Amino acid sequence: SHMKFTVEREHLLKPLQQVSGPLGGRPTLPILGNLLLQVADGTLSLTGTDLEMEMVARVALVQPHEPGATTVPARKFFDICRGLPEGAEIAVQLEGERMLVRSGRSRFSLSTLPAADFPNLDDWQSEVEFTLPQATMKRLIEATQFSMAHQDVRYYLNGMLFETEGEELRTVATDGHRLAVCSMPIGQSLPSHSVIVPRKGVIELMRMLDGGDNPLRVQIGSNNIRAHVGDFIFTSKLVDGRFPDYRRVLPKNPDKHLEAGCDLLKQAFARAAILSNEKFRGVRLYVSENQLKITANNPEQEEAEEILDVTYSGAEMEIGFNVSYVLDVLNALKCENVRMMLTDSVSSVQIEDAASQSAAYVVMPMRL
């Protein structure tokens, strides 16, 4: 291949970091540890993939260049560029089966694999399209991401539901014990559509949203999603399966309403967790007039007890929770006051910011 380009170090670094995202340690196939480099019509394209998703970055070439393509080891190429001095000019060209990198009197010769062998996601058609601020997408993901399953056999839970309805984009994540849902208006009327983005794709999409001026352009096909932000293009396959319906998970008629400060509640739960069972993480909540008592016991016979003033009137009740589930919600809310809606000791509780209904959290108790 004839491929040649010269580019400033600082135009390469963030592109290289981004496209190396899909790459896991110990790739199954050697070429999956490589980046595809393509020079065409004044643009350098860099692609990384894991066969389920891909990340593409486009870099403008103003200095002399020659078209062509190759694939090089991602981590080694990134480490070389990062290790060069600030402001370095990076001259790249092909020599047989090697890619040569020169800056000053630093020279590197990397092994390559043919660009013709690099895997590509199958062609597909967009059927839903919309743009939204990056901050809006970031908020939608951070508000729910923690509730996704990790490696459940129910593969559709190891991902995030992305749903369009009316003017809003909604994210839903659940692991069967706890659920998180968040809706945000995007100011454009949309068709009703729902897709499941794999966990790993959710993390990638999250990582491409910086503190930037660019909008996020989203395209959804029957089996793929694409997100375009500036000079970055992320594509992922979608997860098959029926995602649970959050509307059916929300507690139907919660007759008990507690309100309390978010940080006061968080710090009390965080201290009580110290003396909770390391495996089961159970804490007990005792609600009585304008008071919440949190207790935690462990197999060493130790006990933590926190008493808080809260706003509550109604029947005294005792309910048990996995304290990590509660702390996850309080950390995600990061608001002033929290509202908890309860029914009884065997039913779920709904937690939300007392001042906003944009996000809702449902946590199932442990038997008391």
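Residue positions are given as counts along the sequence shown, with the first one as 1. Rigid core (definition): largest C-alpha set, two forms, superposition within 1.5 Å.
S.K.: Given a rigid core fit, name the stretch, 52-60 or 299-307, whose C-alphas are on average farther from the form shown here in 7 other deposited structures of this protein.
M.R.: Result of the core-fitted comparison in 7 other deposited structures of this protein: 299-307 deviates more.
S.K.: Using the rigid core for superposition, please say which stretch has the greater CA deviation in 7 other deposited structures of this protein, 271-279 or 160-168.
M.R.: Higher average C-alpha offset in 7 other deposited structures of this protein goes to 271-279.
S.K.: Counting the other entries of this protein, is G21 left out in at least a third of them?
M.R.: Negative; every one of those entries includes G21.
S.K.: Out of 19-27 and 348-356, which one has CA B-factors that are higher on average in the deposited record?
M.R.: Higher mean C-alpha B-factor in the PDB entry: 19-27.
S.K.: Can you tell me which stretch has the higher mean Cα B-factor, 316-324 or 338-346?
M.R.: So the stretch with the higher mean C-alpha B-factor is 338-346.
S.K.: From the list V56, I307, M53, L333, select the residue with the highest C-alpha B factor recorded in the entry.
M.R.: Comparing C-alpha B-factors across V56, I307, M53, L333, the top value belongs to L333.
S.K.: Whose C-alpha has the highest temperature factor in the PDB entry: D255, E259, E289, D175?
M.R.: Largest recorded C-alpha B-factor: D255.
S.K.: Which third, lowest, middle or highest, does the CA B-factor of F232 fall in along this chain?
M.R.: Middle third of the chain for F232's C-alpha B-factor.
S.K.: Taking the values exactly as deposited, rank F130 by C-alpha B-factor within its chain and report the matching third: lowest, middle or highest.
M.R.: Highest third, going by the recorded CA B-factors of the chain.
S.K.: Using only modelled residues of the chain, where does the Cα B factor of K279 rank: lowest third, middle third or highest third?
M.R.: Ranked within chain, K279 CA B lands in the highest tercile.
S.K.: Taking the values exactly as deposited, rank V39 by C-alpha B-factor within its chain and report the matching third: lowest, middle or highest.
M.R.: CA B-factor rank for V39: middle third.
S.K.: Against its chain's modelled residues, does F243's Cα B factor rank lowest, middle or highest third?
M.R.: Its C-alpha B-factor, which the entry lists for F243, ranks in the middle third among residues of this chain.
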